[PDB]
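Inspection log for the structure reproduced underneath, given as C-alpha cells.
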2 protein chains.
Amino acid sequence: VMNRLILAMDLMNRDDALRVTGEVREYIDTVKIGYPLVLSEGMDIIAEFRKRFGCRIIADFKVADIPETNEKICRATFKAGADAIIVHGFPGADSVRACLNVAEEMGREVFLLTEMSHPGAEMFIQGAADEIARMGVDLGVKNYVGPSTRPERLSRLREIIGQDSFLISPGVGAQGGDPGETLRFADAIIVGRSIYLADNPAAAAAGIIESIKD
Amino acid sequence: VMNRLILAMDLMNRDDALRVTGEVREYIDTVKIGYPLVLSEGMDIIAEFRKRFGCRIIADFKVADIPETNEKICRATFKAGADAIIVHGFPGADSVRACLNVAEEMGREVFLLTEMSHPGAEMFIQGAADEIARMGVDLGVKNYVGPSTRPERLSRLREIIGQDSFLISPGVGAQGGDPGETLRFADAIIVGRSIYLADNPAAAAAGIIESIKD
Ligand SMILES: Nc1c(F)c(=O)[nH]c(=O)n1[C@@H]1O[C@H](COP(=O)(O)O)[C@@H](O)[C@H]1O
Ligand SMILES: Nc1c(F)c(=O)[nH]c(=O)n1[C@@H]1O[C@H](COP(=O)(O)O)[C@@H](O)[C@H]1O
C-alpha cells in the first residue's frame, strides 16, 4: 500500500469525497469505502473512485450475516468493482467461508476483522479475538484487520497470523492510535477523520507520511 | 405485525422483488430489506417499497461498526425511509447506543440482534448472547432478534428481555425452524426463501399463516 497509508473515506456526499480523495491521491494507493458513503451515494461510487483515482478499493462492509446472505453481499460488492471486502469473524467460520468462496470465484480478497478499535470492543469481541484470528488462519485467510488503539493486542494478533499475513489497522489519529507504534505490527494504517476533517487533507496526509518515513 | 409474519425480501433484482412482495402483500404488514437488495438496486428501493405496498420496512443492515460510523449508517438509513434498523450487539454498548441516539433523533427504532440462527453462531455469538440481551435491557432496547433454529435459546432470550419487549425471529423454513414453535416465544417470524423461492409465494405465505392461526 503506497506509503503504508489507507484513506478511510467516510464523507457522505460525493463532491466532498471526490475533492478530498483527489487532494490526497499523491500520498495513497488505497481507499477504504464504507457504508456511510455507499448508502448516501450508491454502489456506483466504487467504480467511479477506482477509475478516477486508479486506486484500489477496500469495501468496508463488516459483513456479519448468515452464510447465504454473506454470499450475496460479497457478490454484489465485487460486481461493483471492489478489490477486497472486510468481513467480521465473530459470526463464525461458515459465514467467513461463504465470503472466501465468493472471493475465490471473483478473483478478489477478504479481510478478516478480528478485534475492533473502539471501547465497546472490550465487552465481547476482545475475549473472542485471538480465537477469531486462529479461525482465520485455519480457513486460509491472508488479510486481517486489528486495532491501532491497543498495540499489545495488535502484537498478539500478529503473533497468531504470522509475518506473511497482511494486517491493516484503524483507530489512528482521532481514536487515539499512533502511526509509528501501529506500524511496528501492522503493514498499513487506516486513517479517516485526521485526514478528511483537516483544514488541509493533503498536509495532514503528508504529515503522517513524514512521521513514518523515519 | 400482520399475521405475525415478516417477509425477508432478499431477491436481488427490483422486478422480481416487486413481483413477489406484491403477490404476498395481503398476508404481511412488514418487509425486511437487507443489503442483497439494497446493494443491487440502491437505497431508493426502501421508499419505493414503503410507498407501493404501504408496508413498514425493517432495514436489516446488522450494523456492526464503531459508534461514529454506526451513527452515519443509521442516519442514512432513516433518511431513506426505513422504520427500523437491525443492529448487532456483539460490538458492545457504545456502538449500540450510537444507533439508539440516532433513532431517538429521527423518531425510529432499533432491533438488537442477540444470537444468530446459523450454525457458526455457536462459535462466538451464542456464548455472549445472554449478556448481549442483558446489555440491551440496560440500554432501554425494546426490540430484539433471536434464532428460530434454537427455541431453547429463544426461550432464554425471552426470559431476559421480558414479555413487554418485541422479539422477531429468523431461521424459519429454509434454515429448519418451525413457525408455530418459534411463535411460542417470538412475537413475529421472519421468512425469506420458503416464500420468495416458492413456485407460488402467495400460497407459501398463506400456508404458513394457516399453520399458525390454529
Ligand atoms: N474498519 C474499522 C474497524 F475494523 C475498526 O475496528 N475500527 C474502525 O474505526 N474501523 C473503520 O475505520 C475508520 C476509522 O476512521 P477514523 O477513526 O476517522 O480514522 C472508520 O471507517 C471505521 O468504520
Ligand atoms: N436477520 C437475520 C438474523 F439476525 C439471523 O440470525 N439469521 C438470519 O437468517 N437473518 C436474516 O433473515 C433472513 C432469513 O432468510 P431465510 O433463511 O431465507 O428465511 C435473511 O435475510 C437473513 O440475512
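Naming works like this for the C-alpha cells: A, B, ... for the chains as they're shown, residue 1 at the start of each chain, ligands 1 onward in shown order.
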
Can you pull out every residue with an atom within 8 Å of ligand 1? Use only C-alpha atoms and all ligand atoms and format it as a VMD selection string. (chain A and resid 8 to 10 32 to 34 60 62 86 113 to 118 145 to 147 169 to 175 190 to 196) or (chain B and resid 65 to 66 68 to 70)

Just the strand (DSSP E) stuff from region 39-176 of chain A, please, per backbone DSSP, written as a PyMOL selection string. chain A and resi 56-63+84-88+109-113+143-145+166-169

In terms of the shortest atom-to-atom distance over only C-alpha atoms and all ligand atoms, which of B:24, B:121, B:135, B:80 is closest to ligand 2?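 Residue with the minimum atom-to-atom distance to ligand 2: B:121.
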
Between B:161, B:59, B:205, B:106, single out the one closest to residue 43 (chain B), counting only C-alpha atoms. B:59

Interatomic distance (Å, one decimal) between CA of residue 186 (chain B) and CA of residue 167 (chain B):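 Pair CA of residue 186 (chain B) / CA of residue 167 (chain B) returns 5.0 Å.
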
Residues of chain A no more than 8 Å from chain B, counting only C-alpha atoms: send them over as an mmCIF file with C-alpha atoms, in the first residue's frame.
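The file below, result-v8.cif, is the result:
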```
data_model
loop_
_atom_site.group_PDB
_atom_site.id
_atom_site.type_symbol
_atom_site.label_atom_id
_atom_site.label_comp_id
_atom_site.auth_asym_id
_atom_site.auth_seq_id
_atom_site.Cartn_x
_atom_site.Cartn_y
_atom_site.Cartn_z
ATOM 1 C CA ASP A 10 -16.362 8.336 5.299
ATOM 2 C CA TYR A 35 -21.484 2.257 4.142
ATOM 3 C CA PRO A 36 -21.536 5.993 5.086
ATOM 4 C CA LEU A 39 -25.564 4.272 1.407
ATOM 5 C CA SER A 40 -25.529 8.004 0.615
ATOM 6 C CA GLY A 42 -24.776 4.370 -4.254
ATOM 7 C CA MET A 43 -22.594 1.394 -5.108
ATOM 8 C CA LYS A 62 -18.078 -5.535 8.068
ATOM 9 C CA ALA A 64 -21.827 -10.089 9.541
ATOM 10 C CA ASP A 65 -24.723 -12.202 8.319
ATOM 11 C CA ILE A 66 -25.557 -15.886 7.784
ATOM 12 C CA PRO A 67 -23.616 -17.685 5.038
ATOM 13 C CA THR A 69 -26.727 -13.613 2.849
ATOM 14 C CA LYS A 72 -24.989 -12.291 -1.855
ATOM 15 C CA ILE A 73 -23.438 -9.217 -0.216
ATOM 16 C CA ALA A 76 -22.871 -7.534 -5.225
ATOM 17 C CA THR A 77 -19.785 -5.844 -3.777
ATOM 18 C CA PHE A 90 -17.442 -13.007 15.229
ATOM 19 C CA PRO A 91 -20.374 -14.720 13.359
ATOM 20 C CA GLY A 92 -18.217 -17.844 12.898
ATOM 21 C CA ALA A 93 -16.462 -19.961 10.318
ATOM 22 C CA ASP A 94 -19.315 -20.782 7.962
ATOM 23 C CA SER A 95 -20.115 -17.067 7.494
ATOM 24 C CA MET A 116 -12.207 -3.719 16.791
ATOM 25 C CA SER A 117 -10.645 -0.427 17.866
ATOM 26 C CA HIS A 118 -13.456 1.250 19.878
ATOM 27 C CA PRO A 119 -14.024 0.942 23.644
ATOM 28 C CA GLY A 120 -17.063 -1.321 23.321
ATOM 29 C CA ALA A 121 -14.866 -3.945 21.618
ATOM 30 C CA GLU A 122 -13.687 -4.856 25.125
ATOM 31 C CA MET A 123 -17.114 -6.204 26.088
ATOM 32 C CA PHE A 124 -17.422 -9.236 23.776
ATOM 33 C CA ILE A 125 -15.068 -9.032 20.784
ATOM 34 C CA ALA A 128 -13.010 -13.907 21.246
#
```

Give the answer as one residue: which of B:151, B:136, B:177, B:207 has the shortest atom-to-atom distance to ligand 2, using only C-alpha atoms and all ligand atoms?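 Closest to ligand 2 of all the choices is B:177.
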
Hey, what's within 10 Å of residue 18 (chain A) if we count only C-alpha atoms and toss same-chain stuff fewer than 3 positions away? As a short mmCIF file (atom, residue, chain, number, x, y, z; two decimals) with N, CA, C and O atoms, in the first residue's frame, please?
```cif
data_model
loop_
_atom_site.label_atom_id
_atom_site.label_comp_id
_atom_site.auth_asym_id
_atom_site.auth_seq_id
_atom_site.Cartn_x
_atom_site.Cartn_y
_atom_site.Cartn_z
N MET A 9 -12.52 6.82 3.65
CA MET A 9 -13.29 7.91 3.07
C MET A 9 -14.75 7.78 3.51
O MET A 9 -15.59 7.18 2.80
N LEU A 11 -16.73 10.54 4.36
CA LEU A 11 -17.62 11.65 3.98
C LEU A 11 -18.83 11.08 3.24
O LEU A 11 -18.74 10.05 2.57
N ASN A 13 -21.06 12.85 1.10
CA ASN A 13 -21.53 13.35 -0.16
C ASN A 13 -20.40 13.29 -1.15
O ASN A 13 -19.22 13.49 -0.80
N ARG A 14 -20.79 12.98 -2.38
CA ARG A 14 -19.87 12.65 -3.46
C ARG A 14 -18.88 13.78 -3.78
O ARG A 14 -17.70 13.52 -3.98
N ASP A 15 -19.35 15.02 -3.75
CA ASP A 15 -18.47 16.12 -4.14
C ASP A 15 -17.35 16.28 -3.11
O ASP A 15 -16.18 16.42 -3.50
N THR A 21 -10.36 12.96 -1.64
CA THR A 21 -9.60 11.84 -2.20
C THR A 21 -8.61 12.33 -3.29
O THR A 21 -7.46 11.91 -3.28
N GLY A 22 -9.07 13.21 -4.17
CA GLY A 22 -8.18 13.78 -5.20
C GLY A 22 -7.03 14.56 -4.58
O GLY A 22 -5.88 14.47 -5.05
N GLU A 23 -7.29 15.28 -3.49
CA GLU A 23 -6.25 16.09 -2.86
C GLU A 23 -5.15 15.22 -2.25
O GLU A 23 -4.00 15.65 -2.16
N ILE A 45 -20.35 4.46 -6.74
CA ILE A 45 -19.24 5.26 -6.26
C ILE A 45 -17.93 4.47 -6.23
O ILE A 45 -16.84 5.04 -6.38
N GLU A 48 -16.54 4.47 -9.73
CA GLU A 48 -16.14 5.85 -10.03
C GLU A 48 -14.78 6.18 -9.42
O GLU A 48 -13.90 6.73 -10.10
N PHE A 49 -14.59 5.85 -8.15
CA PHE A 49 -13.33 6.10 -7.47
C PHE A 49 -12.20 5.31 -8.10
O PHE A 49 -11.11 5.84 -8.33
N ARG A 52 -11.41 7.08 -11.51
CA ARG A 52 -10.96 8.47 -11.39
C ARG A 52 -9.64 8.66 -10.65
O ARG A 52 -8.91 9.62 -10.91
N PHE A 53 -9.35 7.76 -9.72
CA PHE A 53 -8.12 7.83 -8.94
C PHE A 53 -7.14 6.69 -9.21
O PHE A 53 -5.99 6.77 -8.77
#
```

Within 10 Å of residue 166 (chain B), counting only C-alpha atoms, which residues qualify if same-chain residues fewer than 6 places away don't, as a compact mmCIF listing (two decimals) with N, CA and C atoms, in the first residue's frame?
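Now in result-v2.txt:
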```txt
# COMPACT_ATOMS: atom_id res chain seq x y z
N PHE B 111 -33.68 -2.59 16.35
CA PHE B 111 -33.78 -4.00 16.76
C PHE B 111 -32.41 -4.50 17.10
N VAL B 141 -33.33 -0.93 25.21
CA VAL B 141 -33.78 -1.52 23.95
C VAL B 141 -35.11 -2.27 24.17
N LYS B 142 -36.06 -2.09 23.26
CA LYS B 142 -37.35 -2.72 23.35
C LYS B 142 -37.61 -3.77 22.28
N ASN B 143 -36.75 -3.85 21.26
CA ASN B 143 -36.97 -4.71 20.09
C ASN B 143 -35.73 -5.54 19.86
N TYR B 144 -35.92 -6.85 19.66
CA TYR B 144 -34.83 -7.81 19.64
C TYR B 144 -35.04 -8.84 18.54
N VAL B 145 -33.92 -9.45 18.13
CA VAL B 145 -33.91 -10.55 17.16
C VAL B 145 -33.21 -11.74 17.80
N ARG B 158 -36.14 -14.57 25.57
CA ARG B 158 -37.42 -14.03 26.03
C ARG B 158 -37.43 -13.81 27.54
N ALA B 186 -41.36 -15.84 20.22
CA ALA B 186 -41.22 -14.61 19.42
C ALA B 186 -42.60 -14.04 19.14
N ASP B 187 -42.67 -12.73 18.97
CA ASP B 187 -43.90 -12.09 18.52
C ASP B 187 -44.17 -12.22 17.04
N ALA B 188 -43.10 -12.30 16.25
CA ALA B 188 -43.25 -12.46 14.80
C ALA B 188 -42.10 -13.30 14.28
```

I need the residues in region 57-190 of chain B that are alpha helix (DSSP H) according to DSSP; give them as a PyMOL selection string. chain B and resi 67-79+93-106+125-139+151-161+179-182

Report, in Å with one decimal, the straight-line distance from CA of residue 1 (chain A) to CA of residue 28 (chain A).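 Distance between the two atoms: 7.3 Å.
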